[PDB]
Novice: 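If you scroll down you'll find the structure; I have some questions about it.
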Amino acid sequence: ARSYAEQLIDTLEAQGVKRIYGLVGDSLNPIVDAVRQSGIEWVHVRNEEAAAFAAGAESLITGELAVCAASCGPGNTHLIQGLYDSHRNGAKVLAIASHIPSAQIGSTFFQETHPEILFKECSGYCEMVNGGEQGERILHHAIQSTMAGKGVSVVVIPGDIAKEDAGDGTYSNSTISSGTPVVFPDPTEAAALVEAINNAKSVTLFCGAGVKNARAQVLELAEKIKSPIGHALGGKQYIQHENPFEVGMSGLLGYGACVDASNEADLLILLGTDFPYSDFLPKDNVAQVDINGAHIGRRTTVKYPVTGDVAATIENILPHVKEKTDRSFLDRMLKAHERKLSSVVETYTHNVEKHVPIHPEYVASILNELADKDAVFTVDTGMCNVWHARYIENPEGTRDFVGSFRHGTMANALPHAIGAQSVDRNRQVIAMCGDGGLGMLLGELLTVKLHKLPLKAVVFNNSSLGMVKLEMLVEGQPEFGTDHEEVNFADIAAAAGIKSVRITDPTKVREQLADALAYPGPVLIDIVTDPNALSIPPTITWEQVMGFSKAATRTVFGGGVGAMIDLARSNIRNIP
Amino acid sequence: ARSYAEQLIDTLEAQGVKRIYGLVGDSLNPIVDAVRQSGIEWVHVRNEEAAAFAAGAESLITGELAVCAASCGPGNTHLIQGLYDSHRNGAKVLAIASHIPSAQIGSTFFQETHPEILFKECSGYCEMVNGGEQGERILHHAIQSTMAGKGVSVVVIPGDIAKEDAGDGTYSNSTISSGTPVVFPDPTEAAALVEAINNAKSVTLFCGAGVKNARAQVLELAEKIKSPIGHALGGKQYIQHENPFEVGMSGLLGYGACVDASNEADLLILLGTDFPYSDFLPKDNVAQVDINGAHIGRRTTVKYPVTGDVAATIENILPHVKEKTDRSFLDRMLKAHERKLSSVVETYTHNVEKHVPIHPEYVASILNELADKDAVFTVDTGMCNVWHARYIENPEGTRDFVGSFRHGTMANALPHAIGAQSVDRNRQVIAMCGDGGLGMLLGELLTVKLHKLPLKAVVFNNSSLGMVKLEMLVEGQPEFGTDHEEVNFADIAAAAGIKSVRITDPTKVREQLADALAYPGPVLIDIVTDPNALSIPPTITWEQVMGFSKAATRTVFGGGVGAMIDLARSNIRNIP
Amino acid sequence: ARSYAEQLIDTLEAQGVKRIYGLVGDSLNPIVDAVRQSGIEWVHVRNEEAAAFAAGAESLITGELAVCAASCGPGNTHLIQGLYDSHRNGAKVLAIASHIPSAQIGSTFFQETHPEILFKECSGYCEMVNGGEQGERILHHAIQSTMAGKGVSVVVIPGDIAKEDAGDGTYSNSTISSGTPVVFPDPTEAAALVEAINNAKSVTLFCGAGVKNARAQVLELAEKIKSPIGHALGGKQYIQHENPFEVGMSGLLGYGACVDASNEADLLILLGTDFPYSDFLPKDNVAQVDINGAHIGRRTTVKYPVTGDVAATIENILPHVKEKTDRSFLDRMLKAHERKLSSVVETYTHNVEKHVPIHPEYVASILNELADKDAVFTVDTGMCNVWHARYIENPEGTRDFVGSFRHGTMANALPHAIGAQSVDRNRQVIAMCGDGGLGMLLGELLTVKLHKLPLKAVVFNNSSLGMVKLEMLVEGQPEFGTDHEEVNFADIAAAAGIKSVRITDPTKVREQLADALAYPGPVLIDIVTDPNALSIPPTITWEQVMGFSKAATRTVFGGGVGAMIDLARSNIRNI
Ligand SMILES: Cc1cc2nc3c(=O)[nH]c(=O)nc-3n(C[C@H](O)[C@H](O)[C@H](O)COP(=O)(O)OP(=O)(O)OC[C@H]3O[C@@H](n4cnc5c(N)ncnc54)[C@H](O)[C@@H]3O)c2cc1C
Ligand SMILES: Cc1cc2nc3c(=O)[nH]c(=O)nc-3n(C[C@H](O)[C@H](O)[C@H](O)COP(=O)(O)OP(=O)(O)OC[C@H]3O[C@@H](n4cnc5c(N)ncnc54)[C@H](O)[C@@H]3O)c2cc1C
Ligand SMILES: Cc1cc2nc3c(=O)[nH]c(=O)nc-3n(C[C@H](O)[C@H](O)[C@H](O)COP(=O)(O)OP(=O)(O)OC[C@H]3O[C@@H](n4cnc5c(N)ncnc54)[C@H](O)[C@@H]3O)c2cc1C
Ligand SMILES: Cc1ncc(C[n+]2csc(CCOP(=O)(O)OP(=O)(O)O)c2C)c(N)n1
Ligand SMILES: Cc1ncc(C[n+]2csc(CCOP(=O)(O)OP(=O)(O)O)c2C)c(N)n1
Ligand SMILES: Cc1ncc(C[n+]2csc(CCOP(=O)(O)OP(=O)(O)O)c2C)c(N)n1
Ligand SMILES: [Mg+2]
Ligand SMILES: [Mg+2]
Ligand SMILES: [Mg+2]
């Protein structure tokens, strides 16, 4: 550790960092020279935006720090979309934003920007290096902030300072606190929750991503109080599989009896969720358990706020919660859930398997069956979120899911898959791409080829901004600016040196997709899908689609559901 | 004009806006519905970053307002790179940044960002619409700010407010002031400049972009005081052609006797330039005429500061400037200029027509000769800046040039060409692309096909981040992270439906390029060039290449020059 | 110039800076040591907010750079109110914001703030020094930015870097461009304005602060086209005095026939004004000449925009403007102006000399007569803005006026007077203070005493937030939170060592104010005034007072006017 660049790389390497995603240039050159000499791999991308998405996806998969790096001015500026996504997803990311020479700061120099100001909204820590010793210190603070769960950390490094001497080791010698504290609730809040539960004749649990390490506790509580369990999109991968109390998801992409179970129960308990669609939530009698107190009551009236961890709160309250022997509400909701899903399959999916262009719901149904039990699925923003929510299951809980569920950016699927795949080349990674999303960052097909990343990019090629076509249908606005001439992604992937398949016949989807998923290397599957595979109830308004309608609602987008119906049916047969 | 969305489009249409570049979505839907009903064309791009670059390039070509538009959160976030470039270039751009519903602001909603804060550095005006009447007002202020020369204007529009009623017309009915005032200098400042000129036995003029409308005045002054004229890269297109006093350019990409003429004259006059490389500038006796007083003395010691327009200042001082009958310095500099260029052609261009892989300087030389006399040239940041500076000329001043000369971003050439070509489809547009730059925004090949834009994309495919390889060579750092496996851009362009040519044999460059430039439609010419076509003097340091070396320098990068030698030679024959 | 602190002070001294207002501490210590060794005077204030107001007022008086300086974190944070005011007023100010040691930046250290981010809104240039050479460079850029008219410049200096070596002199050796370019309009815009003027049978000129160096041109144009001349508050000190076309001011504090002349003329020409009250402006046929093109059309419909200097634009268009021999509109507006002012004096100033508690309008009338012909007047935000506008005149144009007319902060009068008075101790400076404004920065009475600044602080002590009481009256809201127990500012000023007078009897105002203004040294005159000296027409709404009412209006606050009526009457001669 002689220069600050060398010390920064030695510090990252000592903490277990295995790769840095980025694009070399100017102020970043001394850092990449240190990378070359180290055991850290340099992962070259075509656009720095993909490096920030890849680091965010890698972190979500590993639970460890991930790093992206970019050159001065326009170089680090490109990181921004990926940093907002990684930040909203709570990924542990350190972004090395190289900066113009310090002597040029404030002189309107060539490539001058102020990244230390620009990145404030997409980060929990964002400071500028002004010397080697201070640089070592703020590198520690950036790492310690993101490892403590404060979101993205940005370190802004003027290129001349990267070549100055390293600090004396005081801050790089530290052990980073990366543990998970056990957050028990305030007894007063837990007591009010116990009383609310005991006073209620019927209770519904609505779970989000905060339920990640509380499956056993949520299920034990549900068995005791006979409560149906619904979920937000972020809670789907953790609480839906093998759940005897399963009642679906809320929101426009929702399914089953979740909205009804949530609005008809005496008490609704929000468990680790920040579900933003308030019009689907009741206001009369709601409790909320959230580890971040500032998030409580953000989405609806909350009468019983509880600041705490889901598993710890449930373990604390369980001895005081009385066993409810009455299952009437639960049985009634389980039956209504199965009827709603059966009705949805009959209304929108009957005999659709031979319609041309190919129905995307048929593709997603096959994709769910053919993908490995431990595959990583990345989901591009748009109609692919509808197909993932209703057709991609997580049996045994061994699959991983990376998407832009909060920032809602298009084009995330391929760069997220690049990061996810880099962690382990022997694990299957499926990128559910949109044609719009892929075309937005098309040059990342060159990155997949360069690094020989064996991901399977499944393009739902509807030649449309599918989700926008749906919005305009809801508004009543004539279709404009959404659908354009067809693009052949299989030929583009082949021209870039990637094995490709084009699927246009629905009777060939199963076999061609099976062949592609089995191929030992990168594959792009270009599936020509129907952009008009949409069914929207006439009562849905533009205000509802945009998320600002206040009136109570239970209406979801039309369309079918997949393999989730098998659990719904098995739960009906298992009613005592 | 019933809604604010309709009034905004009616206002832009009444001001002569012919097209809006963007990508439809969510909050932007009511605005694009109004576009559909209007005479304005909607130009769909694959990535919103290209819309902001295209609007910037269109404005630089027309001298009128240009408009880009993007959806909420991640949509408008993509505009940022293009807005920094358009802002630094002084383009007249209005960016419509659609925003999340106003009821959701402050609630950490799905896709929430604060564009009104994020865009402050890349704009002269950036405000949020909070109602219809105020929206009409700030739309006027945004347009009036950018039309007055204050740079990019951003109007942040929450989607719900786009559907509310329009204002009463008070601000939309205004005539926008788009005139160019005539800025005469302060008599005290002008008098000190007269004295400095009269006391000097030899004077050199160093011109930048501010000399755009002062060619006659610069030339008249130069004939009176016998002064050689040099230029910054931004002044090249205006002052180099048919200039009997021409002595080249300064900086690392420079050529000819400019650095010598500038440092050896008794007085150096900076005329409309903000040339950032201080180590190439003298400090002892410098005068500076700039229309923005805050820019004076930003780059070197200035003893005679003059706040004013170049043409007006020169016309004011001319009757008081005594005629210099001594041409010794001018003749000496004209001869030294021609010798330096002749030496550079002999040293670096010997057998260039047979060099394999194809020498980029040979390509640029052919390109200059074959392109139309009125073509628009767009230049990708990197080695293409070296080839444009030394080989692409502007005879008669009828050609236009769009590049990222100030913000210095990669990937600008194709999106700049999309904007420039949309102005007039009967005018030739050449995009000098880098392989790095093209791969960074590769999906814009789909935009060229979609809009049938007949631009000629000339890819200097060296399979390298050429400019970074140069930086590492100068530093002494082992080559790492710059060169990767070859990519076939002709096959990618053909797979996207674009006519393409792959050139690998130098003896075929002239014929294949001539055939391609003549084709009536979009063409991608993939030229396999040599990444090692670099000649760097051993004295150049990393500090110099990064722009923070303070010691005086006259050293430029090795390499030849093109057709500029013909004017240098004709000026020798015209010496009395 | 061995250290950056020494070089910074040498550069300021070489540019003619005579004093720096501030408060020494921590990171600012090496800079104040360099001030001590230099010919620059250190002016200690009690609160750094007063240093920024004082620099802003000094600059407005001299037309030159003025400097304020403050310590790290909380020290420079106090500058902020004064910097927003100096910035809105277009003052040429350099703010030296000392900062925490560079090694501590990013570590949540004791006193840590980010002034380089905090001050972006109240400045045209704001950067952080990271080393001696770069510090010299950004010092140049900061000075050159504010001297070119871009507003306040802030230089953020980490204390450790102040002691590191100075730069090599390249940027400090430069000559700063402080000239005034001559901005002629675009011929196309000027030609459209000529046509608009020639087509109009009647024209009104409405002037703001941009008319400062164009009096001769405005008057020559007015004589040619027979146009009445009105003004915004910012234009009052330049265009009202000895004006044969004078028709008053617009807005709620307005007077005379200005609103009528502006809305009844065939063409209204806005000349160097950014008057923000759109409801008083017509929309049908308006032209605007402004040196900053981005300001055109900001307040009303403008059909004839002209980017350019007022004097240059007028000189350029004059040979093409045809002489108007018809004076009908001008005579009708001159007569209506005199009638309106006469009516206002009869209605609201009857028996004002005997009114108890003392009427502030009677005080302002006496103050205008007793103050020197070249006095500087500083005006606290609130009811004092009404009294200054309607009673304080500028005969011969030798008086100066400093106020918070744009940022609208209370408490500016005393600190602005401190800066104005420091320029020349032989010149009279009158601070028209509010009791609210004085109480807000009361510790600056200690600064006046310390520096023996012979300013005359005239406190309009109404025991109220007078302007807020007016707002609640207009809204119909019951009076609450505005009026409190009386404070004796004369006793407080005397306890601080300052000669003071307390005036409670209206019959004593003239003699006590004459004695006080004649006193050779600082004086605080505590005048017990009536907080209910308000006459508000019943149609004035809360939306109007707040500035967001859309409907066209010609209504002004009731109340009299002063010595301005003598010009209105003299202008009626030859009717
Ligand atoms: C096109 C599109 C459409 C969408 N439509 C829908 C839709 O119809 N329905 C839907 O449900 N989603 C939808 N989403 C996603 C939606 O916007 C939200 O992002 C999502 O509902 C949030 O899920 P969540 O509550 O699990 O996650 P988050 O919003 O991340 O909330 C997790 C919460 O748990 C808390 N927490 C974390 N750890 C713990 C712990 N140990 N103990 C306690 N609390 C903890 C956190 O503090 C946080 O408040 C859509 C996304 C896209 C891209
Ligand atoms: C990879 C790369 C390498 C580069 N290398 C070099 C190099 O070696 N050499 C080089 O020269 N450039 C180089 N450049 C560009 C360089 O960074 C600057 O952008 C350029 O030198 C500025 O040119 P300019 O002074 O003409 O333009 P600007 O920087 O835009 O300056 C124009 C000036 O004129 C003033 N002005 C405008 N209108 C008027 C008027 N009517 N009257 C008076 N003043 C007016 C403006 O206020 C401004 O200060 C490089 C760019 C890239 C991308
Ligand atoms: C309590 C209170 C009440 C107020 N009430 C009123 C009221 O009733 N009436 C009123 O009039 N004001 C009122 N004001 C002040 C008001 O808010 C504005 O600040 C004022 O009207 C603006 O005056 P102005 O146009 O002269 O100045 P500015 O707003 O500073 O405008 C000057 C303009 O001239 C331009 N300019 C500058 N130099 C030149 C040049 N050489 N050539 C051409 N253009 C140039 C500038 O670009 C600018 O646009 C009040 C203030 C306070 C504190
Ligand atoms: C960067 C960005 N631009 C725009 C949007 C708005 N948006 C959301 S979904 C969508 C369409 C996505 O099209 P595609 O990726 O092809 O998916 P589809 O819905 O057609 O399956 C758009 C424009 C966004 N979320 N992000
Ligand atoms: C967005 C961005 N990232 C990084 C840089 C730094 N940089 C400047 S030139 C260059 C290489 C450009 O490569 P290419 O486009 O292939 O052009 P070449 O120099 O090889 O001709 C890089 C990385 C930049 N200017 N902009
Ligand atoms: C710092 C600040 N706080 C509050 C206001 C709002 N305000 C404007 S005038 C005024 C009352 C001023 O009272 P005083 O200074 O006593 O003057 P008066 O109007 O009573 O003459 C107030 C509260 C303001 N302009 N600035
Ligand atoms: Mg699609
Ligand atoms: Mg290249
Ligand atoms: Mg008061």
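Values below: every heavy atom of this structure, side chains too, minus hydrogens, waters and symmetry copies. Residue numbers begin at 1 in each chain, while the letters A, B, ... track the order of the sequences. Read the numbers this way: they start at 1 and go in the same order the structure lists the ligands and their atoms.
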Novice: Which class fits the ring pair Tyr277(A) and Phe110(B): parallel under 30°, tilted 30 to 60°, perpendicular over 60°?
Specialist: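 Rings of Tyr277(A) and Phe110(B): perpendicular, over 60°.
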
Novice: Please report whether ligand 2 has a polar contact with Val310(B), defined as an N or O pair separated by less than 3.5 Å (distance criterion only).
Specialist: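 Yes - when backbone and side-chain N and O of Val310(B) are compared with those of ligand 2, one distance drops under 3.5 Å.
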
Novice: How would you list, by chain and number, every residue that makes a side chain to side chain donor-acceptor pair (under 3.5 Å) with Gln240(A), sequence neighbours excluded?
Specialist: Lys236(A)

Novice: Is it true that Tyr238(A) and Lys212(A) share a donor-acceptor pair across their side chains at a distance under 3.5 Å?
Specialist: yes

Novice: Whether the side chain of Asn89(B) engages the backbone of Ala91(B) through a donor-acceptor N/O pair (distance < 3.5 Å, no angle test) should be reported.
Specialist: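 A pair under 3.5 Å: no.
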
Novice: If you count the atoms of ligand 1 from 1 in the order shown, which ones are under 4.0 Å from a heavy atom of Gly235(A)?
Specialist: 26 (O)

Novice: So, regarding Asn292(B) and ligand 2 (criterion: nitrogen or oxygen to nitrogen or oxygen, under 3.5 Å), is there a contact or not?
Specialist: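 No.
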
Novice: How far is atom 31 (O) of ligand 3 from its nearest protein heavy atom, and which residue and atom name does that atom have?
Specialist: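 Atom 31 (O) of ligand 3 sits closest to the protein heavy atom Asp274(C) N, 3.3 Å.
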
Novice: What are the atoms of ligand 1, with element, lying closer than 4.0 Å to any heavy atom of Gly272(A)?
Specialist: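 Per the distance check, 32 (C), 33 (C), 34 (O), 44 (N).
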
Novice: Is the backbone N or O of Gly408(B) less than 3.5 Å from a side-chain atom of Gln111(A), with the two atoms forming a donor-acceptor pair by type?
Specialist: yes

Novice: Which protein non-hydrogen atom lies closest to atom 27 (O) of ligand 3, naming both residue and atom, and how far is it?
Specialist: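 So the nearest neighbour among protein heavy atoms is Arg406(C) NH2, 3.5 Å.
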
Novice: Has the side chain of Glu315(C) got a donor or acceptor atom that lies under 3.5 Å from a matching backbone atom of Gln217(C)?
Specialist: no

Novice: Which atoms of ligand 2 are found less than 4.0 Å from any heavy atom of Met249(B)?
Specialist: 9 (N), 11 (O)

Novice: In the protein, which heavy atom is nearest to atom 13 (C) of ligand 3, and how far is it?
Specialist: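 The closest heavy atom on the protein side is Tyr277(C) CE1, 3.5 Å.
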
Novice: Could you check atom 38 (N) of ligand 3 against the protein and tell me its nearest heavy-atom contact, residue, atom and distance included?
Specialist: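 Nearest protein contact, heavy atoms only, for atom 38 (N) of ligand 3 is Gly210(C) CA, 3.5 Å.
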
Novice: Quick one: list whatever passes side chain to side chain contact (heavy atoms under 4.5 Å, CB included) with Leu253(A), sequence neighbours left out.
Specialist: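 Testing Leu253(A) for side chain to side chain contact (heavy atoms under 4.5 Å, CB included), a comparison that skips the adjacent residues, returns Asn385(A), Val386(A), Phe557(A).
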
Novice: By number and element, which atoms of ligand 1 are closer than 4.0 Å to a non-hydrogen atom of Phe405(A)?
Specialist: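 Going through ligand 1 atom by atom, the ones under 4.0 Å from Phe405(A) are 15 (C), 16 (C), 17 (O), 18 (C), 19 (O), 51 (C).
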
Novice: Quick one: look up the protein heavy atom nearest atom 23 (O) of ligand 3 and list residue, atom name and how far away it is.
Specialist: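 Its nearest protein heavy-atom neighbour is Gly234(C) N, 3.3 Å.
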
Novice: Would you mind checking which non-hydrogen protein atom is closest to atom 26 (O) of ligand 3, with the distance to 0.1 Å?
Specialist: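 Atom 26 (O) of ligand 3 sits closest to the protein heavy atom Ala209(C) N, 2.6 Å.
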
Novice: Could you tell me the residue and atom name of the protein heavy atom closest to atom 53 (C) of ligand 3, and the distance to it rounded to 0.1 Å?
Specialist: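 The protein heavy atom lying closest is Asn385(C) OD1, 3.3 Å.
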
Novice: Is there a donor-acceptor pair closer than 3.5 Å between any side-chain N or O of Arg406(A) and the backbone N or O of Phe109(B)?
Specialist: no

Novice: Does the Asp290(C) side chain pair with the main chain of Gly272(C), one donor and one acceptor, at a distance under 3.5 Å?
Specialist: no

Novice: Is there a heavy atom of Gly90(C) sitting under 4.0 angstrom from any atom of ligand 3?
Specialist: no

Novice: For the residue pair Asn412(B) and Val379(B), what are the closest heavy atoms and their distance?
Specialist: ND2-O, 3.0 Å

Novice: Hey, which atoms in ligand 1 end up nearer than 4.0 Å to a heavy atom of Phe110(B)?
Specialist: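 It comes down to these atoms of ligand 1: 2 (C), 17 (O), 51 (C), 52 (C), 53 (C).
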
Novice: Polar-atom distance check: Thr381(A) versus ligand 1, any N or O pair below 3.5 Å?
Specialist: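 No; the residue has no nitrogen or oxygen that sits under 3.5 Å from a nitrogen or oxygen of the ligand.
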
Novice: Taking the six-membered ring for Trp, are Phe401(C) and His388(C) parallel (under 30°), tilted (30 to 60°) or perpendicular (over 60°)?
Specialist: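 Tilted.
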
Novice: Counting distance only, does the side-chain N/O of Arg299(A) pair as donor-acceptor with the main-chain N or O of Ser107(B) below 3.5 Å?
Specialist: yes

Novice: At a non-hydrogen distance cut-off of under 4.0 Å, which region of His231(C) contacts ligand 3 (side chain, backbone, both, or neither)?
Specialist: neither

Novice: Could you tell me, atom by atom, which parts of ligand 1 come under 4.0 Å of a heavy atom of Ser404(A)?
Specialist: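 So the atoms of ligand 1 that pass are 53 (C).
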
Novice: So, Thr553(C) versus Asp279(C): side-chain donor-acceptor pair below 3.5 Å or not?
Specialist: no

Novice: Non-hydrogen atoms of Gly308(B) versus ligand 2: any pair closer than 4.0 Å?
Specialist: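 True for this residue.
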
Novice: Would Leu233(A) count as a polar contact of ligand 1, with the cut-off being nitrogen or oxygen pairs under 3.5 Å?
Specialist: yes

Novice: Please say whether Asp290(B) places an N or O atom under 3.5 Å from an N or O atom belonging to ligand 2.
Specialist: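 Yes, since at least one N or O of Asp290(B) sits under 3.5 Å from an N or O of ligand 2.
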
Novice: Which atoms from ligand 1 have a heavy atom of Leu252(A) less than 4.0 Å away?
Specialist: 8 (O)

Novice: Is there a donor-acceptor pair closer than 3.5 Å between any side-chain N or O of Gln288(B) and the backbone N or O of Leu270(B)?
Specialist: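 Not confirmed, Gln288(B) side chain does not pair with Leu270(B) backbone.
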
Novice: Which atoms of ligand 3 are found less than 4.0 Å from any heavy atom of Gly251(C)?
Specialist: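 By the 4.0 Å cutoff, the relevant atoms are 7 (C), 8 (O), 9 (N).
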
Novice: Answer yes or no: is there a side-chain heavy-atom contact under 4.5 Å between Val545(A) and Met467(A)?
Specialist: no

Novice: Would you tell me which option among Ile239(A), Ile291(A), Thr409(A) has the nearest heavy-atom contact to atom 39 (C) of ligand 1?
Specialist: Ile291(A)

Novice: What atoms of ligand 1 come within less than 4.0 Å of a heavy atom belonging to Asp309(A)?
Specialist: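 Heavy-atom distances to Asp309(A) below 4.0 Å select 40 (C), 41 (N), 42 (N).
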
Novice: Taking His231(B) for the side chain and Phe206(B) for the main chain, is one N or O donor matched with an acceptor at less than 3.5 Å?
Specialist: no

Novice: Under a 3.5 Å distance rule, please check whether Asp380(A) uses its side chain to pair with a backbone N or O of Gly434(A) as donor and acceptor.
Specialist: yes

Novice: May I ask you to check if ligand 1 and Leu253(A) share an N or O to N or O distance below 3.5 Å?
Specialist: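 Between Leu253(A) and ligand 1 (N or O atoms, distance only) the closest approach is under 3.5 Å.
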
Novice: How far is atom 21 (O) of ligand 3 from its nearest protein heavy atom, and which residue and atom name does that atom have?
Specialist: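 Scanning the protein heavy atoms, the shortest distance from atom 21 (O) of ligand 3 goes to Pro276(C) CD, 3.7 Å.
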
Novice: Once you restrict to heavy atoms under 4.0 Å, what part of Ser250(C) touches ligand 3? Side chain, backbone, both or neither.
Specialist: backbone

Novice: How far is atom 25 (O) of ligand 1 from its nearest protein heavy atom, and which residue and atom is that?
Specialist: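 Protein heavy atom at minimum distance: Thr273(A) OG1, 2.7 Å.
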
